[PDB]
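Undergrad:
Protein chains in written order, with full-length UniProt numbering: chain A, 72 to 496; chain B, 28 to 34.
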């Protein structure tokens with residue numbers, strides 16, 4: 072009946088003075104815009120149908136056309152920034168916010184979805200959705216004693232849209248909006264559905280991707296233990312955002328990093344640092360690198376959890392980006408660590424892989440490795456064991472690589488290699 | 028997952 076309509080027929084039906092003909096044409100448009108391959112979004116926009124759909128959003132006496140138009144506009148807004156902008160320019164934001172309070176669950180859900188697409192466009196439309204007052208009705212939809220009484224898809228869409236309201240930077244979401252959303256976000260973070268948990272973790276990862284004040288806003292809500300628990304989850308879609316959020320948090324102050332440590336995060340890193348998913352290994356090694364840049368007691372907790380052998384493993388064999396994060400972790404370790412911690416690092420077998428990595432082409436990893444080696448040599452000097460370290464480096468073939476770096480294009484690598492050779496070789 | 032189309 073409403074399958075495979077032409078845009079011309081849809082326009083003829085929508086321009087009729089007959090609400091039922093308009094409803095059927097709007098459903099035909101929804102089905103066109105809901106097809107798998109290249110839905111004709113631009114054709115629908117050029118036909119000038121967005122204002123009519125927006126007007127239909129307000130037909131309280133005809134809920135079917137409200138639903139069909141909300142679906143069509145959702146799918147239009149799911150496209151490029153220009154198509155989302157076309158939806159916004161038609162006045163859709165306040166109409167969808169008004170529909171949030173609809174007595175029909177599917178219409179309210181579709182409005183949630185549409186606002187999620189609009190806000191997901193970027194910071195500007197995110198803040199514009201916020202300015203139109205979406206947060207209060209959105210959160211009211213979740214003001215129930217037990218989230219389990221809500222439909223699974225409804226709750227998933229609400230969580231996803233809220234996560235989009237927490238998303239993007241330059242600027243980050245308004246502080247007042249974040250404070251208004253965070254309690255519901257914690258409650259969702261304690262939900263049992265895997266997709267709700269994944270999207271709540273993504274929202275938290277967005278909110279912790281910023282200055283230490285945002286990280287503090289998040290951590291003061293007491294979510295770090297739940298984040299660590301989810302870090303231990305089996306579902307990769309949950310582990311990925313949980314690990315992102317934990318890394319973000321440990322980029323903050325040493326006290327926030329210590330909050331991460333106290334929750335038991337380090338105990339998960341034996342698996343994370345050996346995870347078969349390359350992205351997980353890279354993110355876990357980056358988190359470790361930011362943890363080793365902390366206090367000597369935090370470096371010591373890293374030691375106690377037996378994670379130095381795992382860092383040596385990652386440095387010995389892993390994707391090059393993970394190996395670079397591991398080199399950064401080693402350099403931070405050596406910069407902030409005690410002489411005892413540095414000699415332990417050496418006893419775990421760091422020198423051979425660290426030297427093998429000096430054959431890479433990237434300059435920055437070379438500089439990082441040279442700085443780490445300088446710090447290790449300084450610790451050895453303090454112990455008066457510089458000759459043993461020099462012999463170790465010379466045996467693994469590292470002295471040859473250092474001499475070959477003396478003729479490098481970068482001035483920093485040049486000078487660092489020459490200084491090492493002049494001081495210790 | 029910035030945007031999603033409803034199929």
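Here a beta-carbon is modelled for each residue, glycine too, at the ideal position from N, C-alpha and C.
Using a threshold of 9 Å, state whether the C-beta atoms of residue 332 (chain A) and residue 362 (chain A) are closer than that.
TA: In this structure, residue 362 (chain A) lies closer than 9 Å to residue 332 (chain A) by Cβ.
Undergrad: Can you find a CB in chain B that lies within less than 9 Å of the CB of residue 357 (chain A)?
TA: So, not an interface residue.
Undergrad: Return the chain-ordered list of same chain residues with a C-beta closer than 7 Å to the C-beta of residue 129 (chain A), the five sequence neighbours on each side being excluded.
TA: 166.
Undergrad: Quick check: the Cα distance between residue 495 (chain A) and residue 232 (chain A), rounded to an integer number of angstroms?
TA: So the two alpha carbons sit approximately 59 Å from each other.
Undergrad: Could you check whether residue 238 (chain A) and residue 273 (chain A) sit closer than 9 Å to each other, using their CB atoms as the reference points?
TA: Yes.
Undergrad: Give me the subset of the segment 182-200 of chain A whose CB atoms are less than 7 Å from a CB atom of chain B, sorted by chain position.
TA: Here the close residues are 184, 188, 191.
Undergrad: Less than 7 Å between C-beta atoms, sequence neighbours within five positions excluded: which residues of the same chain meet that for residue 334 (chain A)?
TA: Answer for residue 334 (chain A): 295, 296, 299, listed in chain order.
Undergrad: So the alpha helix (DSSP H) residue 374 (chain A) belongs to, where does it begin and stop?
TA: Note, residue 374 (chain A): alpha helix (DSSP H), 367-375.
Undergrad: Comparing C-alpha positions only, which one of A:157, A:115, A:177 sits nearest to residue 141 (chain A)?
TA: Among A:157, A:115, A:177, the Cα nearest to that of residue 141 (chain A) belongs to A:177.
Undergrad: Closer than 9 Å, Cβ to Cβ, to anything on chain B: give me those residues from the segment 138-170 of chain A, in chain order.
TA: Within the segment 138-170 of chain A, the residues whose Cβ lies closer than 9 Å to some Cβ of chain B are 142, 145, 146, 148, 149, 150, 155, listed in chain order.
Undergrad: Use the C-beta contact count for residue 123 (chain A): other C-beta atoms within 10 angstroms, 16 or more gives buried, fewer gives exposed.
TA: By the neighbour-count rule (16 or more Cβ atoms within 10 Å), residue 123 (chain A) is buried.
Undergrad: Could you work out which residues of chain B lie near residue 105 (chain A), taking near to mean beta carbons separated by less than 9 Å?
TA: Within 9 Å Cβ-Cβ: 32, 33, 34.
Undergrad: Assuming residue 135 (chain A) and residue 104 (chain A) make a contact with CB atoms under 8 Å, what is their CB distance in whole Å?
TA: At roughly 16 Å, the Cβ-Cβ gap does not stay under 8 Å, so residue 135 (chain A) and residue 104 (chain A) are not in contact.
Undergrad: How do the segment 188-206 of chain A and the segment 239-250 of chain A stand: do at least 3 beta-carbon pairs fall below 8 Å, yes or no?
TA: Yes, the segment 188-206 of chain A is in contact with the segment 239-250 of chain A.
Undergrad: Distance check for residue 338 (chain A) and residue 286 (chain A), CA to CA, integer angstroms please.
TA: C-alpha separation (whole angstroms): 22 Å.
Undergrad: Entirely within the segment 436-472 of chain A and at least 4 residues each: give me those alpha helix (DSSP H) ranges in chain order.
TA: DSSP runs (the alpha helix (DSSP H)) wholly in the segment 436-472 of chain A: 457-466.
Undergrad: Give a yes or no on whether 9 Å exceeds the smallest Cβ distance from residue 273 (chain A) to chain B.
TA: Residue 273 (chain A) counts as touching chain B.
Undergrad: Nearest-angstrom Cα distance between residue 492 (chain A) and residue 474 (chain A)?
TA: C-alpha separation (whole angstroms): 7 Å.
Undergrad: Got a sec, what are the start and stop residues for the alpha helix (DSSP H) residue 171 (chain A) sits in?
TA: That residue, residue 171 (chain A), is in no alpha helix (DSSP H); it is neither H nor E in DSSP.
Undergrad: So, for residue 309 (chain A): in the same chain, excluding its five sequence neighbours on each side, which residues have a beta-carbon less than 8 Å away from its beta-carbon?
TA: Once the five neighbours on either side are set aside, the close Cβ partners of residue 309 (chain A) are 265, 268, 269, 272, 301.
Undergrad: Given residue 441 (chain A), which residues of its chain have a CB within under 6 Å of its CB, disregarding the five upstream and five downstream residues?
TA: If we look at residue 441 (chain A) and ignore the five residues flanking it on each side, its Cβ neighbours are 487.
Undergrad: Quick check on residue 34 (chain B): does DSSP put it in helix, strand or coil?
TA: It is coil, neither helix nor strand.
Undergrad: Taking residue 143 (chain A) as part of the alpha helix (DSSP H), name the residues at either end of that continuous run.
TA: Here the alpha helix (DSSP H) through residue 143 (chain A) covers 134-148.
Undergrad: So with Cβ pairs under 9 Å, would you call residue 86 (chain A) a contact of chain B?
TA: Not an interface residue.
Undergrad: Using only the alpha-carbon positions, how far apart do residue 450 (chain A) and residue 382 (chain A) sit?
TA: Taking the straight line joining both Cα atoms gives about 20 Å.
Undergrad: Helix, strand or coil for residue 419 (chain A), going by three-state DSSP, please let me know.
TA: Coil.
Undergrad: Which of the three DSSP states, helix, strand or coil, is assigned to residue 382 (chain A)?
TA: Correct three-state label for residue 382 (chain A): helix.
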